[PDB]
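Asker:
Chains as they are written, first to last, in PDB author numbering: chain A, 194 to 289; chain B, 194 to 418, 430 to 561, 591 to 715; chain C, 483 to 561, 591 to 674.
1) So which residues of chain B does residue 262 of chain A contact, with C-beta pairs closer than 8 Å?
2) Interface residues of chain A around residue 708 of chain B at Cβ under 9 Å?
3) If you measure from the beta carbon of residue 338 of chain B to each beta carbon in chain A, is any gap under 8 Å?
4) Give the range of the beta strand (DSSP E) segment to which residue 678 of chain B is assigned.
5) In whole angstroms, what is the alpha-carbon distance linking residue 222 of chain A and residue 289 of chain A?
6) Whole alpha helix (DSSP H) runs in the stretch 474-531 of chain B with 4 or more residues, listed along the chain?
7) Tell me which residue opens and which closes the beta strand (DSSP E) that residue 333 of chain B is part of.
8) Looking only at its own chain, which residues have a Cβ that is under 6 Å from the Cβ of residue 454 of chain B, when we skip the five neighbours before and after it?
9) Is any beta-carbon of chain B found at less than 8 Å from that of residue 532 of chain C?
10) Residue 639 of chain C versus chain B: which residues are under 8 Å apart at the beta carbon?
11) Closer than 9 Å by beta-carbon distance: list the chain C residues that pair up with residue 506 of chain B, in chain order.
12) Do we get a CB-CB distance below 8 Å when we pair residue 607 of chain C with the residues of chain B?
13) Output, in chain order, the set of chain C residues within a Cβ distance shorter than 7 Å of residue 502 of chain B.
14) Indicate whether residue 537 of chain B and residue 631 of chain C have their beta-carbon atoms separated by less than 8 Å.
15) From what residue to what residue does the alpha helix (DSSP H) around residue 381 of chain B run?
16) Closest to residue 284 of chain A by CA distance: which of A:240, A:208, A:211 is it?
17) Along the stretch 472-488 of chain B, where does the CB come closer than 7 Å to a CB of chain C? Name the residues.
18) Verify the CB distance criterion: does residue 411 of chain B have a CB-CB separation below 8 Å to chain C?
19) Can you give the Cα-Cα distance for residue 692 of chain B and residue 512 of chain B, rounded to whole angstroms?
20) With DSSP as the reference, please indicate the residues paired to residue 703 of chain B in a beta bridge.
21) Would you decide whether residue 182 of chain A is buried or exposed? Buried here means 16 or more other CB atoms lie within 10 Å of its CB.
22) Please confirm whether residue 213 of chain B has its beta-carbon closer than 8 Å to some beta-carbon of chain C.
23) Closest by CA to residue 646 of chain B, which one among C:664, C:673, C:649?
24) For residue 333 of chain B, tell me which candidate among B:318, B:514, B:520 has the shortest Cα-Cα distance.
25) Kindly say whether residue 510 of chain C, judged by its beta-carbon, lies nearer than 8 Å to any beta-carbon of chain B.
26) Any contact between the stretch 659-675 of chain B and the stretch 374-394 of chain B? By contact I mean 3 or more CB pairs, one from each, below 8 Å.
27) Quick check: is the beta carbon of residue 272 of chain A nearer than 8 Å to any beta carbon in chain E?
28) Can you have a look at residue 559 of chain C and say buried or exposed, based on whether 16 or more other CB atoms are within 10 angstroms of its CB?
29) Straight-line CA distance for residue 487 of chain B to residue 514 of chain B?
30) Are the C-beta atoms of residue 631 of chain C and some chain B residue less than 8 Å apart?
31) What are the residues of the stretch 385-418 of chain B that lie near chain C, defined by any Cβ-Cβ distance shorter than 7 Å?
32) Is residue 492 of chain C close to chain B? Criterion is C-beta to C-beta, closer than 8 Å.
33) Is the stretch 468-482 of chain B close to the stretch 371-382 of chain B, with three or more CB pairs under 8 Å?
34) Starting from residue 326 of chain B, follow its DSSP beta bridges and name the residues at the other end.
35) How long is the line joining the alpha carbons of residue 263 of chain A and residue 248 of chain A, rounded to whole angstroms?
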C-alpha cells in the first residue's frame, strides 16, 4: 500500500512500512498483531517486504523516535514480535 | 457606574467595566452571572457598553494578568460566557465588537501582553459539538497522527488591524516574544518568510550593494581640479540619500510619526534616517560653493557602512546572538561612556598644570595614550616636583582595569541572569517585525505599492447557516492512547 | 607540497614564495593530534569545532568594516596601493593605533573624531564574540564533548585494523 503519504518524502508522511502488519506495529495494540498472524484463512508474515525490502522491524525503528513513552511501547511490541516470530518461524533468523 | 476608583487611572483602581455584569466576571462566582441574564424582570446584556465602548469580554482581558490561578478561573468564566451568550443571542457575533478607539477584544488581548488567557484564547476546544458556530480557532481532519488546522479571526498581517498591526508597532510590551511563540502565530513565521526572505535578500542586496560602489567615489575623488564613470558617481550619490530619505519617510507616513514609545529597536529604523539625512550635506554645497562637504560627508559614508551591521539577521542563526547583545550593550555603552570619559578632564588639567614647570584638548591626547592603552610613562625631572605626576599616573593602571572589569562583570551579571529562549525568539521577532514592510510594497517607486494575494486557505466547513472562514493546515505528531 | 617540486629543477620561479604555506599549514595541522596522551582533548575539539563556526562568523563581521574607513583615511589625508595604506588602520587591530594627530589636513577634527569611534566598537566586536562564546558555555554541556573525545578516538580507530 504505497503512495505519496506512505512514501518517506520530507513532510506530509510517515514511512510505516506500506502493508497491514506494518501499521499494526504503529497502532500500539498488540491484539490484532497476533490475530493477523493467527488468522487461519490467510496468515500474514514478517517476511513481507516493502519498497525498501524491509520486514516490519525496520519500520519500527524508522517510526521510533526521541519520545520515551513511544519508545517504551515500541520496545514492548518489538520484543514480543520475536516471541511470536521465533515460535511460528523458528527456521528463519529474524534480525539479519 | 464610573468614577475615580472605577476609571483606569494609574493606581487606586481597576478598570473592571463600570457596570453590574462587568464586576460579576471579577467576582469569580459564575452563579449570579447566569441569573443577572436569566432574571425575567430586567435581563442584562453583554451588549452593554462602557466608557471605552466595551462588552464585559474587553474588561476580562484588562482584569486578567500574569497570575496562573487567576487566568485559569478567568478562562473558565470566559469560555462559558460564549456558551450562555451564543445560546441567548445567536444572531450577534460576540468577539468582533470594537471599543471607542475601534479595537476588538481578541486583538486587544495582544495590546497589553496578557500572557495566560491569550495563549488559551487562540487555542480553544469547545465549538464542536456544543457551539459548532463558534469555530474554535482550531479544527482537525485525517489523523493517524493529527493533521491539525487553525482559523484566522484577525491575526494575519494585511487584515487592516491585526495583532501584527500592534505587536510590531503599538506594542506596550512587558516582553513580547512569548505571545508570538504559540503555535499558530509562531508557525506563521515561515509560511510567508519562505516567499519574503528571497525578496528580503533581493532588497538587502539593493540596500548594501549600492553602498559598496558609493565608496569608490572617495577612492577616485580629487581634492582640487572613460573618465565619465567618476563624474557619474554624483548621480548615484544623489540616490544614496534621496532613495533612503523618501523610503524611511513614508514608513513614518504609515507609522503617522508615532511617539518615542517604540524606542526599543526602532533606533535601527532611524539609523537609516541618519544616512538618508546626512547624505544631502555635500550635494547642496557641492556645486555652489560651500566648502564643508568633503569634511562632513565622511560621517555619511561612515555611519552608512557602520549600519550595514544591522542585517546580521537570518541567513545563519547567529543573529539570535547579534541583537541580544547589541540591544543590551547599547544600554551598557551609555552607562560606560557616562562613567569613563568624564574622569580624565581634571587630570589633563593636572598634567598641563604640573608640566608648566584651549589647546589642552589636544594635550589630553597625552592621557588618551593610556586609553588603548599605550601609556607613554616617560619620566623626566624638569618639573621640579618629579614625584607628583609620576605617582599620579600609577593610580590609573588599577582603576582603568576596574573600569573595564565592572562593565565586564555587569555583563557577566546579564548572562548570569539566564535567558533560556528569550532572545533566541527575539530573532524571530526581529524577522516578524521586518515582515511589516514586505506585503505593503514600495512607494520607493519600483512599483508604487504592492497588493495582497497572501491570504490563507478557505475553511468553508462550519455549522449552518454561516459555514465560511479563512484557515490554515498544520502538521503534528502525538503519542497518547489515541 | 608539489608546487615547489616541479618548478624546482625546471625553472619556474614561484617555489620558495609559495612552499612557505606548505610548511606553514603542515606545522599548523600538528595541532590536530592533541588527542589521548592526556585527557585535555575533551577540551581541544569541543572548542576547536565550535570556534570554527565562530571564526567564520567573526571574520565575516569584522574585516569588511575597515574598507571604507581606509578610503576615508586616504581621502581626508589627500590634503591600488591603498591596500598597503590600510595597514595604517590595521595598526589598531592588535591594537597599537598610532593616533598621531597633525593639522596639515586643514579639517583636523574629521579624521581625529573619526578614529575615536572605533575604540568602543572594537571592544564590542571582541565582546559580542566573547559573550556569544559565554552563551555556548552557559548552554551547559555535561559529558557531551567529554564523550566526543572517545568518538574522535573511535573515529580514528577506523584506519587501525585495515593496515
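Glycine included, every Cβ here is placed at the ideal spot set by N, Cα and C.
Answerer: Taking the definition as stated:
1) As a first step, residue 262 of chain A is located in the first chain; it is residue number 69 there, counting from the start. Per Cβ cutoff of 8 Å: 712.
2) Numbered from 1 along the second chain, position 475 holds the residue referred to as residue 708 of chain B. Within chain A, the residues 204, 205 have their CB atoms less than 9 Å from the CB of residue 708 of chain B, given in chain order.
3) Numbered from its first residue, the second chain carries residue 338 of chain B at position 145. Under the Cβ criterion of 8 Å, residue 338 of chain B is counted among the residues facing chain A.
4) Counting from one through the second chain, the residue named residue 678 of chain B turns up at place 445. Run containing residue 678 of chain B: none; DSSP gives neither H nor E here.
5) Within the first chain, residue 222 of chain A is the residue found at index 29, counting from 1. Within the first chain, residue 289 of chain A is the residue found at index 96, counting from 1. Roughly 26 Å separates the two Cα atoms.
6) Fully enclosed alpha helix (DSSP H) runs of 4 or longer: 484-490, 501-510.
7) Indexing the second chain from 1 puts residue 333 of chain B at position 140. Run containing residue 333 of chain B: 332-334, per the beta strand (DSSP E) assignment.
8) Taking the second chain and counting its residues from 1, one reaches residue 454 of chain B at position 250. Leaving aside the five residues that flank residue 454 of chain B on each side, the residues in its chain whose CB is nearer than 6 Å to its CB run, in chain order, 676.
9) As a position in the third chain, residue 532 of chain C is number 50, starting the count at 1. Look at residue 532 of chain C: its C-beta is not under 8 Å from any C-beta on chain B.
10) Sequence index remark: in the third chain, residue 639 of chain C carries index 128 (1-based). What residue 639 of chain C touches in chain B: 525, 526, 529, 530, 533.
11) Position 302 of the second chain, counted from the start, is the residue given in the question as residue 506 of chain B. Result: 550, 551, 554, 625, 628.
12) One-based indexing of the third chain puts residue 607 of chain C at position 96. For residue 607 of chain C, the answer is yes, since a Cβ of chain B falls inside 8 Å of its Cβ.
13) Counted from its first residue, the second chain places residue 502 of chain B at position 298. What residue 502 of chain B touches in chain C: 554, 558, 621, 625.
14) Stepping through the second chain from its first residue, residue 537 of chain B is reached at position 333. Stepping through the third chain from its first residue, residue 631 of chain C is reached at position 120. Yes.
15) As a working note, residue 381 of chain B is residue 188 in the second chain. 376-406 is the span of the alpha helix (DSSP H), which, as asked, contains residue 381 of chain B.
16) Here residue 284 of chain A is taken as the residue at index 91 of the first chain, counted from 1. Shortest Cα-Cα distance from residue 284 of chain A to any of A:240, A:208, A:211 involves A:240.
17) So the list is empty, because no residue satisfies the distance condition.
18) Here residue 411 of chain B refers to the residue found at position 218 of the second chain. Yes, residue 411 of chain B lies at the interface with chain C (some Cβ there is under 8 Å from its Cβ).
19) The sequence position of residue 692 of chain B within the second chain is 459, counting from 1. The sequence position of residue 512 of chain B within the second chain is 308, counting from 1. Distance between the alpha carbons of residue 692 of chain B and residue 512 of chain B is about 43 Å.
20) Stepping through the second chain from its first residue, residue 703 of chain B is reached at position 470. As computed with DSSP, residue 703 of chain B is found in a beta bridge with B:691.
21) With chain A covering only 194 through 289, there is no way to say anything about residue 182 of chain A.
22) Within the second chain, the letter at position 20 stands for residue 213 of chain B. With its beta carbon at least 8 Å from every one in chain C, residue 213 of chain B lies outside the interface.
23) Position 413 of the second chain, counted from the first residue, corresponds to residue 646 of chain B. The shortest Cα separation from residue 646 of chain B among C:664, C:673, C:649 belongs to C:649.
24) Your numbering for residue 333 of chain B matches position 140 in the second chain. For residue 333 of chain B, the nearest C-alpha among the options comes from B:318.
25) Residue 510 of chain C sits at position 28 when you count from the first residue of the third chain. No, residue 510 of chain C does not count as interfacial toward chain B.
26) With the rule of 3 Cβ pairs closer than 8 Å, the stretch 659-675 of chain B counts as touching the stretch 374-394 of chain B.
27) Among the chains of the structure shown, chain E does not appear; the protein chains present are A, B and C.
28) Along the third chain, one-based indexing puts residue 559 of chain C at 77. It counts as exposed.
29) In the second chain, the residue the question calls residue 487 of chain B occupies position 283. In the second chain, the residue the question calls residue 514 of chain B occupies position 310. Computed Cα separation, rounded: 26 Å.
30) Taking the third chain and counting its residues from 1, one reaches residue 631 of chain C at position 120. So, interface residue.
31) Correct list: 408, 411, 412, 414, 416.
32) Along the third chain, read from residue 1 onward, the residue named residue 492 of chain C stands at position 10. Taking Cβ atoms only, chain B never reaches closer than 8 Å to residue 492 of chain C, which makes this a no.
33) Contact fails: fewer than three Cβ-Cβ distances are below 8 Å.
34) Position 133 of the second chain, counted from the first residue, corresponds to residue 326 of chain B. Looking at the DSSP output, residue 326 of chain B shares a beta bridge with no other residue.
35) Taking the first chain and counting its residues from 1, the one referred to as residue 263 of chain A is at position 70. Taking the first chain and counting its residues from 1, the one referred to as residue 248 of chain A is at position 55. Cα-Cα distance, rounded: 20 Å.
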